[PDB]
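Chains as they are written, first to last, in the entry's author numbering: chain L, 2 to 215, 226 to 326, 337 to 403; chain N, 2 to 198, 203 to 248, 258 to 381, 395 to 435.
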């Protein structure tokens, strides 16, 4: 119904104008922890009402899209969209830190973790007797203000004793060794292949259509799980101006329940778990065992988008369980009253690397995040 | 007293502020005196009755003046005993009846006076100093081993004159000594009288402060402060030095600058007398006053009434102010209210007056043989009173309770 939005005075940029294309999350003095000055983000939009916000660039080369995807920071680091308002960061160590009287918050890092063997380490910069830190994993489905480990959209690690967190529970299944002022956490994160995820995607597609489905009309909800294709995307990611500058209204998933498919053999509720996942920490580079073999297979049918039930059923219309370039588990980091911990990206700053063959940092997948997001929308241009 | 152990958070006042009862007594009154606890109010009624009220349901339990010794004319003042067992009642029917509530309708021993009275004051429960009108001595009447010999002890030395001072109109005993009696003349002067409980008396203290008819002399219950109410418009609180040997000095003067009213009655606070009340005389003065007895300022006003209030009483247990509105006759009464608490619905509620910013802790996401004694009673209440004296409960009339459905 609405037209595309044209270019403005900061959009078409001169050669010598080295201004940056989305406006910087500007730094302002919050508190002074670790004898450093940490800084906030002031005028940027933040993820609320089950939505998110993303920088766009005024791309001139296309006809249908006048905006395509881009990023601020050159390497990976904490995403600025999942942030609180009393949460602070720096350009020195990139640690997230809430205030001295602020509560339990969290920030994800924007690596989109779907398949392969991906590994990154998490610096534990400081801990006190009153400060707690929960570094771990969480999805794009799970939000930032809750400390993760609240649901099955993410699992985290406890501060002392490493009691591995799931739905608020504290499982002591690894080797317990508490964080100190010079510690580090290395998430050896084995995910199986995207072909292994795609056949679990048809497993929830084929068992929600007609196995238990005999509400008043459920064939039109069967049809969205009928056309529930393993990688295919129905994205509504449009560009909006906001606080005089350009951003995205990108859709975000809504909270759902536990996928319990009745296998006839197990005579009970059977759960969807991935093909041999592994959740290992590197506290100073020693093997601690495997916590989670049960990371979820999620991409079309396990997370439900922002979809309309009454406006849309009368009629063209999108599908309920689809994909995008943003779905995956994310490098997550939580803080409590100023528990300072940092994410560590590249192998030159990695201190305790495993001998592996498939050691992949964020920046391999982050460069793949830059290169796919353009060409996921170069199919949108037709 | 266990209601005040449960009522507040722990803050309880030192004067009542609001007025919550009103005794609908259509025949008017002269004096209102409580019991030495808060239970019983003796009402000195105008025609000659005494309609004693139970202070829990505002409807009476007895009437002293049925069997023997009813007052024909008005009854002027009354006091009670140490325990609340007896009543010593001074009236205008020329009669001072010592009543006892063991027989709650009959007098025990009377005295036909030479004329009317003003007041009465007891030192022990039997001996009582009375103010015979137009008499420059105080014939204190004592109930002796026999009741009949009311020894009219003249409260004056045989040589001493108060010629030029008039008659003695007020006599109030000392709280802490219990043997030196402060009296005030009809013209200015103040005497002291050390009764030996033999009958030697010493005029240790005499003076004149200002020429007036001294309507009232009160002493604070710590024996420190003594206030004088003249027939002019002033209240002189004085400080008392008794080791006997007595001398006073001027502490403060309280007046009404606006209307210049006379103060009818004055009364002090409980412990050391940190608050002075008064009731003014002229019409449109509709309210008892309060004063901080050190600074001197008008600090609060008991604005509850509609008439002029004549007499006063402050019992310290229930913290009430009883006062007869003289025009209508009804006994106005003030009481410390306690607002209700929903915090006692479940054993953990809380009534916070503001939207508190509770800090967010970690817990929100996680999933005997003491000494026991049964024998002793209580020793001190929250007010800090003389409690652990189980008082003389006035028995209800168990001689004629069966009759009380039929014809009074």
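Beta carbons are placed, not taken as given, at the ideal position from N, Cα and C, and that holds for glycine.
Residue 338 of chain L counts as exposed, since fewer than 16 other C-beta atoms from the protein chains shown sit within 10 angstroms of its C-beta. With a threshold of 8 Å between beta carbons, residue 322 of chain N makes no contact with chain L. Closest option to residue 116 of chain N, judged by alpha-carbon separation, among N/91, N/110, N/109 and N/107: N/91. Distance between residue 301 of chain N and residue 164 of chain N, taken at the CA atoms: about 38 Å. For residue 325 of chain N, there are no neighbours in chain L by C-beta distance under 8 Å, as the nearest C-beta there is about 59 Å away.
A Cβ-Cβ contact shorter than 8 Å links residue 26 of chain N with residue 343 of chain N. According to the DSSP secondary-structure assignment, residue 347 of chain N is paired through a beta bridge with N/22 and N/336. Taking each of N/84, N/71 and N/336 in turn and checking the Cα distance to residue 292 of chain N, the smallest one comes out for N/336. Just measuring C-alpha positions, the residue of L/249, L/309 and L/254 sitting nearest residue 2 of chain L is L/249.
Secondary structure of residue 396 of chain L (DSSP, three-state): helix. Approximately 17 Å separates the beta-carbon atoms of residue 305 of chain L and residue 115 of chain L; this is outside 8 Å, ruling out the contact. The segment 356 to 363 of chain L and the segment 30 to 40 of chain L touch, with three or more beta-carbon pairs separated by less than 8 Å.
Boundaries around residue 114 of chain L are those of the beta strand (DSSP E), 105 to 114, since no alpha helix (DSSP H) includes it.
At the C-beta level, residue 101 of chain N and residue 112 of chain N stay beyond 8 Å of one another. Per DSSP, the unbroken beta strand (DSSP E) holding residue 248 of chain L starts and ends at 248 to 253. Secondary structure note for residue 263 of chain N: it is in no alpha helix (DSSP H), and the uninterrupted beta strand (DSSP E) holding it is 260 to 268. According to the DSSP assignment, residue 230 of chain N belongs to the beta strand (DSSP E) that extends over 230 to 234.
Taking the Cα positions, residue 314 of chain N is about 12 Å away from residue 307 of chain N. Between the segment 101 to 110 of chain N and the segment 67 to 80 of chain N, the count of C-beta pairs closer than 8 Å reaches three or more; the two stretches touch. One finds 376 in chain N with Cβ atoms closer than 9 Å to the Cβ of residue 133 of chain L, taken in chain order. The closest CA to that of residue 20 of chain N, considering only N/220, N/95 and N/349, is found on N/349. For the set N/188, N/209 and N/227, the Cα lying nearest the Cα of residue 194 of chain N is the one of N/209.
As for any beta strand (DSSP E) of minimum length 3 sitting wholly inside the segment 58 to 99 of chain L, the runs are 96 to 99, ordered along the chain. Here residue 281 of chain N is buried: its Cβ has 16 or more other Cβ atoms, across all protein chains shown, within 10 Å.
Within 10 angstroms of the beta-carbon of residue 226 of chain L lie fewer than 16 other beta-carbons, which makes it exposed. Distance between residue 252 of chain L and residue 202 of chain L, taken at the CA atoms: about 36 Å.
Under the DSSP assignment, residue 4 of chain N falls in the alpha helix (DSSP H) whose first and last residues are 4 to 7. With respect to the C-alpha of residue 111 of chain L, the residue from L/397, L/49, L/383 and L/95 having the closest C-alpha is L/383.
Residue 171 of chain N and residue 217 of chain N have their C-alpha atoms roughly 13 Å apart.
Against chain N, a Cβ distance below 9 Å from residue 169 of chain L picks out 379, 380 and 381. About 16 Å separates the Cβ atoms of residue 345 of chain L and residue 235 of chain L, ruling out a contact at the 8 Å cut-off.
When Cβ-Cβ separations below 8 Å define contact, residue 136 of chain L makes no contact with chain N. Judged by DSSP secondary structure, residue 202 of chain L falls within the alpha helix (DSSP H) whose first and last residues are 195 to 208. Using a CB distance cut-off of 8 Å, residue 357 of chain L counts as an interface residue toward chain N. Using a CB distance cut-off of 8 Å, residue 397 of chain L does not count as an interface residue toward chain N. Interface with chain L (8 Å Cβ-Cβ cutoff): residue 269 of chain N is excluded.
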